[PDB]
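Protein chains in written order, with the numbering used here: chain A, 1 to 381; chain B, 1001 to 1381.
To start, the structure itself, in structure tokens.
Number of protein chains: 2
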Amino acid sequence: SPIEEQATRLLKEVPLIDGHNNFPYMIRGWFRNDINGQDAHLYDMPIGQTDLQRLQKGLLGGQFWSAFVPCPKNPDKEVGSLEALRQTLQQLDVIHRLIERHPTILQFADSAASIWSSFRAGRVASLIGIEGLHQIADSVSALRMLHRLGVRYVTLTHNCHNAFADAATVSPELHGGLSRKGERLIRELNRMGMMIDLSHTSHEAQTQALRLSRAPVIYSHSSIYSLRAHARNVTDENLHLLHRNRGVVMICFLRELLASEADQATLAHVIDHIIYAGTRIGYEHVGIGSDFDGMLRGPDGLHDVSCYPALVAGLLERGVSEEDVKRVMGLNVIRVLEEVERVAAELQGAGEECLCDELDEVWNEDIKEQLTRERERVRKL
Amino acid sequence: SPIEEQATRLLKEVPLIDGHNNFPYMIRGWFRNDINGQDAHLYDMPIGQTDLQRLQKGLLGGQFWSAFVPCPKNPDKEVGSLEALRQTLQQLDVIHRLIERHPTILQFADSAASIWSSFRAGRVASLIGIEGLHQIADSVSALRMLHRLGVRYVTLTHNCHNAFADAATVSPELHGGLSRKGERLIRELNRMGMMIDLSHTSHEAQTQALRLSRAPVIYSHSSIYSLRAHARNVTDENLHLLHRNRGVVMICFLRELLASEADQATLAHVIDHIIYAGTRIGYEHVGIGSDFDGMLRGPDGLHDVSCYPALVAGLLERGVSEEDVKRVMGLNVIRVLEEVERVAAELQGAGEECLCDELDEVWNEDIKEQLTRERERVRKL
Ligand SMILES: [Fe+3]
Ligand SMILES: [Fe+3]
């Protein structure tokens, strides 16, 4: 078909960068992060919507791999929060080992420039996002260390309230959007160059974050509220604020977010959501955020990671221009990451103060006095 | 003096690389890791043996900065171990921020090559070590992530027994040296390219580790048992095993480890310990491991980081050749790090299996069956 050859051409010219894939959690579920001697299975998986052969087949340009861990279920909330931090390092570890062990397929990327170099070398640009601020165990220091480990976006919540923001699916509301610590954290996220992800967060938390952020944000995997009313879908008001923020809504393939009857969800529904957003806030603010492996079964025509060429062709068939399809595929999310870097470099260049954790005093006043007396002793030498 | 001009010349030719400095913990003690607007104090500290002005003054070439956190004192050992992991990320964060904020003085290094580039650029090569396997919260995944954060040595214990090895100062013995998990961890430390540090570990743990390691190890801050009997000092048997291991004993300035009466400890005593080791196992297996800021008061003539030229001159004055002084200063620890890299590259090139954490099952058998049935459904499409 001429439209399919057009789709293949676009997939070679620019990278389709998917916003959110849960394959690392499937590796934890199926292999318990032990991939030694499992190459055959990683290329042809016995479960799930992602493997290395189908990843090649669908011509995907890049991927934000999710380092998700569940919300803590421990009654002792101190243990559970700290446990989630340890589990986050487990998931970041298996993501890096997966990339390290398959360099012909995957190449780690943490920037707009590294996405392009990976794509030009014929690799799936492999980026990392965490899914919920419960994963940092109330530690901004840990957050900066996750950034150093390669994390480039943070979903502010998963399906639990945390100290910083309200999740969409949990009622009643804790903070009524963002907490005071959450508002302060947005400044630090902008300063460090961590992309803000508003998927899973409440409607009000989105509104507040979209007004406060000095850098463009994403919805890594959310769909459109006006086409399907759900707590996880983006309202017209928040789409309007996203436009002003310069951010990108990355349309999700979750059946429950695309249709009232999940079994009726299709490729066409995903395209309707992309076109709705593109028409109303411009095709420079819409992306693709599958959430493959966040579900058992995908929509008809989008069953797994091999199906991306059908989506690209489907957009072209509806009359979306090549230039706008290229934007939706990946240029938009690349721009957001680029602008996130630039805002961080500007704030770091100006010398903005970083947010610091509240620590206990380790020394009493007697120890401090001994130290000051000692310092004066060496001064008099 | 001609000997002092000789000392200055050597300090310009090759980097004096100190094995262990506790300045990051002083920053936690004094500033609680908030260094915003504290430049004046970081250059001229009101407490402690380390600041940025004296660091320049003593002509130090490089430094392994300790990311030490105390042994957990929580009665709930699950909370305490996980707490130590969070605190480790706090200390790694402040070390990186300290380096980031003072690039004219400090430059991060994680390799023999990056040490040299830093030194040629006129910076203190700034490396990182953690002090005790209690800091990883029983997670080998966390350990690999600490390596990715820039940690290049791990002291196997501090002053507490952990799951992997016995500390020197604590009795009775838990494992009688290394545990079975500890023996297995040594293989993983060698595979990943993490330098083993045997300071603080029991005599028997050293013996076992020195036989098992496939890469050379260090004592980042230990002195000689035969000159001063202490649990923290290296016996002639372990010095012999260190020679066979190809490792380096980095002589410490702790007064209690240099003399029976702490107030009688001196520069001369440090030189005696260096010469003892150098004479018996060769000057290619001896280094300098101050443990500045692990103590209130240093030896006479080694009160702070400005005093390194006196040590270099003192070694030359005793008849240690320029070539051997250069080795003791830093070429030896550079070689060990170089050999640690090479062993890791060789084992990773051969495709050795990495050690994986023991994880719980997240899916029951019903979920796995649903996933396999779903995979077969998309196969039949
Ligand atoms: Fe999600
Ligand atoms: Fe120590």
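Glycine included, each C-beta is placed from N, C-alpha and C at the ideal position.
The residue from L359/A, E322/A, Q370/A, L106/A with its alpha-carbon nearest to that of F1031/B is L359/A.
Using beta-carbon distances, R191/A does not count as an interface residue toward chain B, since no partner is under 9 Å.
Within chain B, no residue has its CB atom less than 8 Å from the CB of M250/A, the nearest being about 23 Å off. For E78/A, the chain B residues whose C-beta falls within less than 8 Å of its own C-beta are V1079, listed in chain order. A residue is listed when its beta-carbon falls short of 6 Å from at least one non-hydrogen atom of ligand 1; in chain order these are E131/A, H200/A, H221/A, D291/A, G294/A.
The three-state secondary structure of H1158/B, taken from DSSP, is coil. Legend: CB atoms of the segment 255-267 of chain A lying less than 9 Å from CB atoms of chain B are not found in any residue. With a cutoff of 9 Å on beta-carbon distance, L85/A and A67/A are scored as not near each other. Contacts with chain A (Cβ-Cβ distance below 9 Å) from the segment 1359-1373 of chain B involve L1359, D1360, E1361, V1362, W1363, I1367, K1368, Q1370, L1371, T1372, listed in chain order. Within its own chain, the residues whose Cβ lies closer than 7 Å to the Cβ of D1291/B, once the five positions on either side in sequence are excluded, are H1020, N1022, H1221, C1252, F1253, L1254, listed in chain order. One finds nothing in chain B with a Cβ atom closer than 9 Å to the Cβ of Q38/A; even the nearest lies about 11 Å away. As summarised for the segment 1270-1341 of chain B, the continuous beta strand (DSSP E) elements at least 3 residues long and confined to that stretch are 1286-1288, given in chain order. Ligand 2 has a heavy atom closer than 8 Å to the beta-carbon of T1155/B.
Under DSSP, the beta-bridge partners assigned to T1266/B are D1300/B.
The shortest C-alpha to C-alpha distance from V1340/B to any of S1179/B, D1138/B, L1302/B, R1152/B is the one to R1152/B.
In this structure, the alpha-carbon of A1205/B lies about 28 Å from that of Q90/A. Contact between the segment 187-203 of chain A and the segment 213-230 of chain A is present, with at least three C-beta pairs closer than 8 Å. Within the model, the alpha-carbon separation for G287/A versus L331/A is close to 9 Å. Not one heavy atom of ligand 2 falls within 8 Å of the beta-carbon of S81/A. By the neighbour-count definition (other C-beta atoms within 10 Å, threshold 16), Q53/A is an exposed residue. For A84/A, the enclosing alpha helix (DSSP H) covers residues 77-101. Among the bridge pairs identified by DSSP, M1195/B is matched with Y1153/B. Residues of chain A with a Cβ closer than 9 Å to the Cβ of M1329/B do not exist, since the nearest Cβ in that chain sits about 23 Å away. Note that the C-beta distance between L1127/B and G1062/B is below 9 Å. Using a Cβ-Cβ cut-off of 9 Å, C1160/B does not count as an interface residue toward chain A, since no Cβ of chain A sits closer than that to its own. At least one heavy atom of ligand 2 sits closer than 8 Å to the Cβ of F1068/B. Less than 9 Å divides the Cβ of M250/A from the Cβ of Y219/A. A residue is called buried when at least 16 other Cβ atoms come within 10 angstroms of its Cβ; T1169/B does not meet this threshold and is exposed. Checking the 8 Å criterion, the Cβ of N1233/B is out of range of every heavy atom belonging to ligand 2. The C-alpha of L1371/B lies about 17 Å from the C-alpha of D263/A. Judged by DSSP secondary structure, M26/A falls within the alpha helix (DSSP H) whose first and last residues are 23-30.
Per DSSP, reduced to three states, the secondary structure at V248/A is strand.
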